[PDB]
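Here's a solo chain for you in structure tokens, the form deposited in one PDB entry.
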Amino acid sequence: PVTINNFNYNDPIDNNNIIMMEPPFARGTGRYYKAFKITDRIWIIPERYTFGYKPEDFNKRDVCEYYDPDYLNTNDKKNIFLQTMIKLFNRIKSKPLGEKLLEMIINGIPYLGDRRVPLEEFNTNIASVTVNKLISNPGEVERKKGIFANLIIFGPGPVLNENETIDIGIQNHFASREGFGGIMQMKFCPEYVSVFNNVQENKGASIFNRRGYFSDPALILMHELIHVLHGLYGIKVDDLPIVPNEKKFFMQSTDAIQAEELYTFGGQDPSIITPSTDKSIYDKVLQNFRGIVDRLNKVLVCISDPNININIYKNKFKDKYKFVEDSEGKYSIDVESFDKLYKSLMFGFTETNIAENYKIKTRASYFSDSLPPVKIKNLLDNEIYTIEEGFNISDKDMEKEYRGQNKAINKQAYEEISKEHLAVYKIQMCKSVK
């Protein structure tokens, strides 16, 4: 079902899995990047993420924000990034739950249009539906061809450890938040991983019995892929800060957080959302899906590509949104189908669920303090990190109690960035709250 492709950064462009791609925010600019199709619809561009930054932002005040302007600055570094992403995707598909996540992402193709598109119309000529591919075959006229895609993963922006998933907005509307879905993008760094100490076993523990852990970058990635899934199905939660008025037992921090993060994390985090707000979220998805089902009952033409088969795409979307059709061919929402799909998209894949299923230690809440990141020594070394078990390798006795992620135990696996990073961590681990 899901095949992870193999390639080396210096392999030649083949206009198939290795292409020159103009990413969505560069639509029409002619800025192309060497891009690698790691699986159907998913691309890796092993370049720093630069859109909306300035070049000086990448140079040189906060131990929780790590900068390195030289990350990815050679072809070999770009190759290391590609091989690491391949390994992480193989780890994701090594269990059924992450395989299912990838299948849902691949099959969750953006609708062919957005709110600007007439109801009767399929428009592929927009940045949230296609990216341009440059074709430069020797002895031929150079040309560009728009292709479909679902996700493009870049390397990091200025701060290596600030991974983020990004949707496309136009004139204050995001197709990824309005039922249609849209090409999703990510800035991701596998080696500079988060650290956390908001875990149940520290609750009531004496200071010197507290444990702190570093994250498995496959879980970091799968957390981001849940945001991707929401944005491909058009249900990323729009403009909804959730403001705690009390510190629950699983919370370490109490800052306001977007609801999109709380559902993506799972565990206990949605429990602080009011029933009223939770119901508004459900009603919005339903209203937006009703818009899509009405579009499918009207669509007659693809205005941007006379090779698109309308009936093939109508049925792809019928399946994506789990619509039903009557004897006459009219589509509609079936409430039972809708609730099942909604529950899978919003509650079926969470950071907490995935961590438990992969036996990866995670934080007890998205409401967790920022701690300094650490650098993994070498994710490509199977003595440190494997597809099957991540850091928590049985044959090293690192599976027990997630010892392979415990900063006080698996010191072979990671490096502190500086003495100041370590000192800050030690303060956080030793501190008494009254």
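Note that residue numbering follows the sequence shown and begins at 1. Throughout, rigid core stands for the largest set of C-alpha atoms superposing within 1.5 Å between the two forms.
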Report task. Using none, 1 to 3, 4 to 9 or 10 or more, say how many deposited residues go missing between residue 60 and residue 61. Result -> 4 to 9
Report summary line: Higher of the two mean Cα B-factors (117 to 125, 177 to 185; per PDB record) comes from 117 to 125
Report summary line: When mean C-alpha B-factors in the record are compared for 253 to 261 and 333 to 341, the larger belongs to 333 to 341
Requested in this report: Select one of 324, 168, 153, 160: the residue whose C-alpha shows the highest B-factor in the crystal structure entry.
Outcome: 324
**Report entry** Deposited CA B-factor, highest of 266, 98, 110, 244
**Finding:** 244
Report task. Relative to the other modelled residues of the same chain, rank the CA B-factor of residue 394 and answer lowest, middle or highest third. Result -> highest
Report summary line: Quick tally, chain-level thirds of C-alpha B-factors: residue 79 sits in the middle
Requested in this report: Please rank the C-alpha B-factors of the chain's modelled residues and tell me whether residue 46 sits in the lowest, middle or highest third.
Outcome: middle
Query raised in the report: Which third, lowest, middle or highest, does the CA B-factor of residue 423 fall in along this chain?
Result: highest
**Report entry** CA B-factor ranking of residue 374, expressed as a third of its chain
**Finding:** middle
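As for the form deposited in another entry, it is not shown, yet the points below apply to it.
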Requested in this report: Scan 76, 319, 142, 283 for the one whose CA shifts by 2 Å or more between the shown form and the other one after superposing the rigid core, and name it.
Outcome: 142
Requested in this report: Align on the rigid core first; then say whether the Cα of residue 274 has moved by at least 2 Å between the shown form and the other one.
Outcome: no
Query raised in the report: After superposition on the rigid core, does the Cα atom of residue 300 shift by at least 2 Å between the shown form and the other one?
Result: no
Query raised in the report: Any CA movement of 2 Å or more for residue 208 between the shown form and the other one, core superposed?
Result: yes
